[PDB]
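Presented below is the structure to which this report refers.
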Amino acid sequence: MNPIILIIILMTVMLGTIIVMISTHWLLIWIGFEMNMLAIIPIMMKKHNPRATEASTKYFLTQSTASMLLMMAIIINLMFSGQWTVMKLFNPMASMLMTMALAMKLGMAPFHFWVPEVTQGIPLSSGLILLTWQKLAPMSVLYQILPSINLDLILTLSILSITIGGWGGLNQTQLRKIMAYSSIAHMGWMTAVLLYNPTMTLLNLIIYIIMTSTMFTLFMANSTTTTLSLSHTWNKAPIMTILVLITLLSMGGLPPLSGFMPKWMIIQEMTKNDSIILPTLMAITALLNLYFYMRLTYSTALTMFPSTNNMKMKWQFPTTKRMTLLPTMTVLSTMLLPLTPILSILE
Amino acid sequence: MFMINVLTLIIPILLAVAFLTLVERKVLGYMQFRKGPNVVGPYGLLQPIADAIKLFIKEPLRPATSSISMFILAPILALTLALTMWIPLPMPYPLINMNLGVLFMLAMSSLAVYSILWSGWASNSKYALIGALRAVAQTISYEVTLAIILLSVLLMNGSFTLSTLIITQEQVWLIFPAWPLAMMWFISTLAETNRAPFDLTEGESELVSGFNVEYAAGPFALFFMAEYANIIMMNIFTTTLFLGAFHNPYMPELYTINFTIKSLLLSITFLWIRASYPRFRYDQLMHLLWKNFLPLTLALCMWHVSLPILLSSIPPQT
Amino acid sequence: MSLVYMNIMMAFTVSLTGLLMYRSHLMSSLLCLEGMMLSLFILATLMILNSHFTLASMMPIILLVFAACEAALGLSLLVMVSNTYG
Amino acid sequence: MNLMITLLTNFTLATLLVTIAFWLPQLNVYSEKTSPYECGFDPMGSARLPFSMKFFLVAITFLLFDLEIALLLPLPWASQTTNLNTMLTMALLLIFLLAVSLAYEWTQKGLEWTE
Amino acid sequence: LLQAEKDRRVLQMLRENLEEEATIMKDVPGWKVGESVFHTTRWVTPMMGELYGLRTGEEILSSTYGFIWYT
Amino acid sequence: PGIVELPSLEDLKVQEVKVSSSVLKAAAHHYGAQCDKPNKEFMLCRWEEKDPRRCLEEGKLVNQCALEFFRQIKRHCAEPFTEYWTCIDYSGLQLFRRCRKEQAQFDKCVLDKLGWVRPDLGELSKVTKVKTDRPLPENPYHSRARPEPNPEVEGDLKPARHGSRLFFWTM
Amino acid sequence: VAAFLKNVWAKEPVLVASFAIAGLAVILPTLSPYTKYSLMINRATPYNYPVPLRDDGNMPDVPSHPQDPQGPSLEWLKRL
Amino acid sequence: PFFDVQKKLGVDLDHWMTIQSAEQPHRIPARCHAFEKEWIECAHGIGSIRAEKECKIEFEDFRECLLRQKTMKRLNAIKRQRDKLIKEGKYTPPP
Amino acid sequence: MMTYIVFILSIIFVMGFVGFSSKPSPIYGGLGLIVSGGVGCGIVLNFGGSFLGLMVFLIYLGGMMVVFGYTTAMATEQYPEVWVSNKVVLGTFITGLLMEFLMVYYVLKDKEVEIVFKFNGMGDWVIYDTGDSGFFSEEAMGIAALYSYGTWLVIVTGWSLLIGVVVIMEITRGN
Ligand SMILES: CCCCCCCCCCCCCCCCCC(=O)OC[C@H](COP(=O)(O)OCCN)OC(=O)CCCCCCCCCCCCCCCCC
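So the protein lines, in turn, are chains N, H, K, A, q, Y, m, l and J.
Using the deposited numbering, the first residue of the first sequence is number 1, and each one after it goes up by one.
Using the deposited numbering, the first residue of the second sequence is number 1, and each one after it goes up by one.
Using the deposited numbering, the first residue of the third sequence is number 1, and each one after it goes up by one.
Using the deposited numbering, the first residue of the fourth sequence is number 1, and each one after it goes up by one.
Using the deposited numbering, the first residue of the fifth sequence is number 73, and each one after it goes up by one.
Using the deposited numbering, the first residue of the sixth sequence is number 1, and each one after it goes up by one.
Using the deposited numbering, the first residue of the seventh sequence is number 4, and each one after it goes up by one.
Using the deposited numbering, the first residue of the eighth sequence is number 1, and each one after it goes up by one.
Using the deposited numbering, the first residue of the ninth sequence is number 1, and each one after it goes up by one.
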């Protein structure tokens with residue numbers, strides 16, 4: 001690796017996604033996906049251990065074949081009354097294959113099989129860039145093509161994402177995996193609302209990006225791949241941990257914390273329309289994810305009962321490890337619920 | 001009537017291969033200051049028939065192939081390509097006149113390497129494998145460069161027709177507008193065939209042609225065939241591309257004569273270059289291509305993209 | 001949709017089911033993907049050149065170029081995976 | 001169809017000649033079969049193989065450089081249009097980009113071939 | 073000249089199609105007289121399927137597949 | 001749904017021009033020189049109204065012009081034209097750089113007798129202007145009704161009323 | 004500069020000459036006097052039938068009879 | 001969040017290859033061109049919500065140009081009577 | 001005088017993948033593809049796709065499949081190279097796709113389609129080109145428009161390629 005080349009790659013990832021957002025032509029958007037893959041394979045694998053190689057492969061297969069399936073749907077659009085634009089697809093089927101395709105691009109229920117695995121394989125920073133940035137392109141496409149979406153699919157994929165992906169993670173003591181399954185749940189929400197009022201989808205998107213942002217950044221602060229690592233850091237320094245936990249509850253959508261805001265608005269614009277049963281069917285599973293995460297909150301206490309907290313590990317020297325923007329996003333994901341009249345600024 | 005045309009095309013290239021091997025042995029002979037074969041027939045005209053029917057009759061000789069598929073695939077492919085390459089070559093008249101043309105020859109010439117991958121693959125000898133992979137490497141690397149040259153020297157034609165080439169040649173041979181790119185493309189034509197300097201060899205060396213030239217007997221008379229016939233081709237396609245004669249219709253055999261003479265002399269120069277110089281070692285060859293040829297080809301190319309628009313003569317696509 | 005379209009689609013789905021339902025060899029996976037990709041080249045070509053919509057004829061070319069610089073990436077990751085074990 | 005007849009013939013004569021070349025040697029006057037052939041032990045020619053990244057990388061760069069070559073291939077059609085400025089700009093731009101790839105790989109440790 | 077000649081030829085041909093069709097399709101399940109299938113009546117080029125058909129099949133070979141693979 | 005109408009077979013069957021492409025090529029060059037009063041007009045006809053079967057009458061006209069053209073070359077300069085199109089019919093893309101002697105020879109019979117200066121490289125392009133008595137077609141081809149577009153937003157707008165209106169949050 | 008170019012042209016003439024052909028190939032299309040000619044040529048070859056327009060009630064130019072000069076003239080190509 | 005820069009900066013990027021009616025390299029009409037012209041003439045200023053509704057007729061016209069389902073089915077309907085009347089002779093007009 | 005040859009080539013093209021996709025080894029993978037792809041030249045050409053067909057006959061056949069067979073040949077070494085296994089479901093899908101393909105070429109009377117995928121339509125006749133344009137490929141001129149109009153498009157392609165280089169070597173560990 002070279003400290004330039006990483007800039008000349010990340011620049012191309014930013015560029016690719018910018019193209020997926022900007023272009024009004026299909027073939028372009030398909031190219032934007034191709035460039036985000038081509039340039040995102042080097043970011044993962046940064047350190048040469050084999051874990052990142054096998055994991056980066058499992059990303060590459062399903063991601064690339066997803067892209068190809070997208071191209072198939074585009075072409076079927078060309079078959080049926082057709083031109084190359086970005087707008088309502090004229091085929092119900094092309095819309096089907098395209099909702100499946102964009103359901104592989106970002107983790108969803110039948111297609112989520114790769115996300116936990118790849119997220120634990122690759123390192124931290126690649127973990128951040130995988131679960132947030134690349135998640136901007138597909139939503140930016142779905143917001144466009146929503147008029148032709150078959151409601152039954154995306155509603156299904158959303159729910160099954162929340163049920164399956166959310167229900168998962170229970171036995172997992174790893175972190176990266178937890179962040180993966182939670183990504184799939186927030187996915188189930190963002191895509192759940194997508195047909196009704198996409199404004200909320202972009203909302204839960206943004207809040208979500210802040211959430212995983214502070215989360216992974218804290219995992220860089222205290223380098224931790226497990227919960228055991230979290231407790232041991234609790235007896236190294238407290239503050240970073242309670243930031244991790246409070247941001248995890250915000251990841252659970254607990255009422256005073258800011259993570260409750262997308263759930264709450266989603267319940268409004270979800271239930272002013274007819275169906276009231278499905279939101280509750282989501283909120284149950286939401287409680288499941290909660291008291292799992294609060295198991296991870298009995299990971300800690302003071303006057304602790306024995307955690308085997310060891311030694312050597314008091315240190316006289318502070319760490320200089322550079323944390324880029326931690327504080328603004330920490331307070332910004334904790335304190336935001338007393339805002340949102342600001343919701344409409346988003347759209 | 002049409003199959004008459006096919007037969008008249010493909011039988012004389014085979015006879016051309018046999019008597020070519022004769023002229024090879026002789027020219028190398030006297031070039032080496034010694035008479036070539038005189039004692040098979042008069043003057044050596046019965047030598048090919050000897051080589052032919054004998055080299056057919058020596059028995060198949062080894063080993064278990066491990067693939068019955070590929071072993072009898074590769075020869076058929078090598079021939080079939082070597083025979084169909086001759087189709088578009090213009091002559092007074094092409095026998096198939098294709099709009100694209102020359103890039104069709106380029107394309108099949110790109111396909112020609114599967115006979116090396118598969119041929120060297122089915123040996124079951126792990127050394128002939130490696131040798132084959134390497135020969136594929138150099139053939140392929142000179143499939144890079146050559147393509148760009150055609151994509152340049154053609155840009156003075158204005159179309160791929162391969163007929164209009166004979167129209168451009170009327171006033172001045174295309175050797176004059178670009179000599180150097182023609183030089184690089186001649187040596188490029190030495191590349192794939194692996195004539196000396198570019199050949200691999202016996203004694204101590206990679207010995208790709210050790211089992212490749214050894215093995216498959218009669219089918220070695222085939223790989224033999226496609227190699228020499230392919231040589232005569234690349235000579236002819238040089239004669240057409242970088243030079244040529246005036247076509248006087250109502251008497252095409254005039255142009256056919258002149259064409260034939262220059263092509264034959266060119267092949268003569270192949271066989272005597274092979275006499276002349278030693279061989280490159282392998283890496284010095286491969287990265288001799290990567291070092292120097294390909295950059296200068298890029299330069300000359302862009303200079304032929306920018307040139308015709310300068311002088312305001314850009315060619316007339318019909 | 002004529003016939004040829006039906007048939008090429010069936011080829012597409014043969015390649016896709018061959019992708020998902022065989023994990024044994026990885027080169028086989030990557031391959032099946034690539035063959036499917038070819039089928040897409042064929043589709044876009046036949047269509048565009050059927051409707052005589054000329055300015056869009058690139059879709060075979062530029063669709064085919066990423067059939068490679070992405071595929072090449074694929075095989076490189078294949079080698080770097082193989083040298084983990086075997 | 002015409003060239004397809006040429007392909008049918010040219011595939012025949014290949015097939016026929018191959019067949020003759022298999023018949024006659026085992027149609028020969030006396031064919032005798034004895035000797036053992038030892039596939040056997042690994043060091044006969046070479047031994048094993050630790051296949052090396054260099055050759056494979058040559059295949060790779062053969063791909064990328066192909067792609068840029070064929071992307072460049074239609075130019076003789078395009079060299080004549082009503083926009084010459086843009087033509088020169090992006091043809092020189094494109095193959096210049098090819099030469100940029102090559103120049104990069106020629107600057108890094110790649111190639112160099114003695115290793 | 074080639075244009076006028078051509079279009080006369082194709083109109084002649086399409087009308088011959090019309091009369092043959094008229095003779096064959098007399099029966100109860102009437103689609104009535106030869107009609108366009110579009111909701112708006114105005115000139116639209118023939119399909120080349122409409123023109124050449126029922127034609128003995130010899131010249132559909134050279135007309136439809138004829139140009140490709142040359143003469 | 002709509003039933004097409006096609007002209008009677010006898011509306012067709014006008015005239016004949018039967019010659020090879022070869023003769024028609026150079027002879028075409030000369031009549032395209034002197035003719036084209038009718039046929040350019042014809043081209044704004046079937047080009048402007050485009051419905052072949054609408055304008056075919058003027059196709060009869062152009063066919064008339066070309067017909068009598070070849071008639072004049074019949075009765076006027078016969079032999080030199082014959083050798084000329086037979087040397088141009090040795091073909092191989094029928095190149096005009098091939099047989100020149102009888103190009104100058106042919107225009108020499110023509111000019112020496114009937115006139116017809118050769119237009120050469122200025123024969124065409126220079127998009128021609130032509131008059132026609134027929135009124136231009138309006139609402140060409142289908143030309144359906146308009147979408148009834150949607151009213152655009154207008155008027156001065158003041159701040160909203162009491163704010164987000166949400167479950168709470170006044171201003 | 005002078006010593007640098009003398010040394011790179013002493014060692015690697017192929018690469019120096021390559022950069023020369025490159026650069027000169029870049030600049031020269033800008034300067035040379037013949038440029039516009041190529042463009043005007045390329046625009047002077049019609050691929051598509053010139054299609055007439057309603058004459059009456061227009062500004063007179065590009066006149067009916069192909070001999071009447073008022074239109075564009077490529078005669079500059081006739082003799083060049 | 002689909003952004004429109006290319007209308008903001010006033011630059012065409014993908015608008016040229018977008019639909020069949022754009023200016024071709026050397027203008028050659030697409031097969032179904034005119035019906036593109038009428039489908040976009042109908043659906044231009046509207047919102048694709050009611051364009052579905054009101055432009056349906058002309059749109060289906062366009063489809064019936066592109067795919068040629070219905071007319072192909074019609075020709076088929078002609079050979080399907082032709083077939084069973086090979087038995088009962090309708091002879092032939094052509095030579 | 002069959003002139004179904006576009007459809008025959010379509011069918012053999014399918015057959016390549018059908019009987020192809022099974023068995024454990026890629027060594028025959030190359031064969032299966034290159035067969036199907038060359039048949040693809042068959043299809044594309046028989047629609048008059050001449051240049052494009054030649055490009056799938058250059059890049060994909062030569063470049064792709066040569067590089068594949070090169071790596072496969074280098075990565076895996078085959079002593080036995082036997083008939084192996086797994087072809088059972090491939091042939092059984094050649095029977096299910098034989099009466100399914102013969103079901104789409106049988107039910108093709110009037111319009112034929114499927115209840116899974118989008119609609120189709122069928123029947124024996126084929127639609128093609130007329131309305132000659134003088135001295136135009138209708139294709140290659142299109143690609144001349146790639147260089148004229150394809151500004152943004154050739155930019156993103158080329159850039160994605162050069163990134164192709166730095167990515168590939170970067171993963172093969174230059175450091
Ligand atoms: C297990 C293996 C089994 C198979 C073994 C095969 C062994 C031999 C393989 C090598 C030979 C490949 C031959 C490819 C021929 C390609 C022909 C072609 O592209 O011709 C171009 C030409 C363009 O015509 P043009 O000039 O534009 O126009 C004429 C006037 N209008 O086009 C035309 O004029 C139109 C021609 C159309 C004719 C149909 C083409 C069908 C091709 C079928 C290929 C099948 C084999 C595939 C390759 C296998 C490789 C291993």
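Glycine included, each C-beta is placed from N, C-alpha and C at the ideal position.
| Minimum C-alpha distance to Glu347 of chain N - residue among N:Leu202, N:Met68 and N:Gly165 | N:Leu202
| said: So, at 7 Å on beta carbons, what are the nonlocal neighbours of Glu83 of chain Y in its own chain, with the 5 sequence-adjacent residues on each side left out? | reply: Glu102
| query | Who are the near neighbours of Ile148 of chain H in its chain, counting only those whose CB is closer than 7 Å to its CB and skipping five residues on each side? | reply | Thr297 and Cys301
| task | Please look up how many angstroms separate the CB atoms of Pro88 of chain H and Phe104 of chain H, rounded, as I've assumed it's under 8 Å. | result | 6 Å
| said: To the nearest angstrom, how far is the alpha carbon of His186 of chain N from that of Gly165 of chain N? | reply: 10 Å
| Any beta-carbon of chain l closer than 8 Å to the one on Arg144 of chain Y? | yes
| message | Given this structure, state the Cα-to-Cα distance separating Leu133 of chain q from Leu31 of chain m, to the nearest angstrom. | response | 53 Å
| Top-ranked residue by Cα proximity to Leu90 of chain J, from K:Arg23, K:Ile8, K:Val14 and K:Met6 | K:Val14
| field | Under 8 Å by beta carbon: chain q residues contacting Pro25 of chain l | value | Per Cβ cutoff of 8 Å: no residues; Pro25 of chain l is ~21 Å from chain q at best.
| message | For the region 275-288 of chain H against the region 100-107 of chain A, do three or more pairs of beta-carbon atoms, one drawn from each stretch, fall closer than 8 Å, so that the two count as touching? | response | no
| said: Just checking: is the beta-carbon of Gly40 of chain J within a distance shorter than 8 Å of some beta-carbon in chain N? | reply: no
| message | Within a Cβ cutoff of 7 Å, which residues of the same chain sit near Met72 of chain N, ignoring the five residues on either side of it in sequence? | response | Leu97
| said: Bridge partners for residue 429 of chain N per DSSP, in chain order? | reply: Only positions 1 to 347 of chain N appear in this structure, which leaves residue 429 of chain N out of reach.
| query | Who are the Cβ neighbours of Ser29 of chain K in its own chain at under 8 Å, not counting the five residues just before and after it? | reply | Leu19, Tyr22 and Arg23
| message | Quick check on DSSP: helix, strand or coil for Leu339 of chain N? | response | coil
| task | Buried or exposed for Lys312 of chain N, please, with buried defined as at least 16 other CB atoms from any protein chain shown within 10 angstroms of its CB. | result | exposed
| message | Spatial neighbours of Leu111 of chain H within its chain, please: C-beta separation below 7 Å, excluding the five flanking residues on both sides. | response | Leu81
| request: Pair every Cβ in the region 11-31 of chain A with every Cβ in the region 114-133 of chain J, then say whether three or more of these pairs are closer than 8 Å. | output: no
| query | Per DSSP, what kind of secondary structure is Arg57 of chain m in: helix, strand or coil? | reply | strand
| query | Can you tell which of N:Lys46, N:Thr212, N:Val141 and N:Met14 has the C-alpha that lies nearest to the C-alpha of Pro3 of chain N? | reply | N:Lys46
| Who are the Cβ neighbours of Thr224 of chain N in its own chain at under 7 Å, not counting the five residues just before and after it? | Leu175, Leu230 and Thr233
| query | What distance in whole Å lies between the Cβ atoms of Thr226 of chain N and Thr173 of chain N, which are believed to be in contact at a cut-off of 8 Å? | reply | 6 Å
| request: Tell me whether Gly53 of chain J counts as near ligand 1, meaning its Cβ is closer than 7 Å to at least one heavy atom of that ligand. | output: yes
| How about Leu93 of chain Y: is its C-beta nearer than 8 Å to some C-beta of chain m? | no
| For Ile266 of chain N versus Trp189 of chain N, is the C-beta distance shorter than 8 Å? | yes
| Using the beta-carbon of each residue, which ones in chain J are nearer than 9 Å to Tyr142 of chain q? | In chain order: nothing, as chain J lies at least about 11 Å away.
| Residue-chain proximity (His48 of chain N, chain J), Cβ-Cβ < 8 Å | yes
| query | Exposed or buried, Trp83 of chain J, counting other C-beta atoms within 10 Å across all chains shown (16 or more means buried)? | reply | exposed
| said: Assuming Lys40 of chain Y and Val130 of chain Y are in contact, meaning their beta carbons sit under 8 Å apart, how far apart are those beta carbons, in whole angstroms? | reply: 5 Å
| Mind pulling the chain J residues with CB within less than 8 Å of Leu117 of chain H? | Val66, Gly69, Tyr70 and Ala73
| request: Take the Cβ of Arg62 of chain H as the centre, count every other Cβ of all protein chains shown within 10 Å, and call the residue buried at 16 or more, exposed below. | output: exposed
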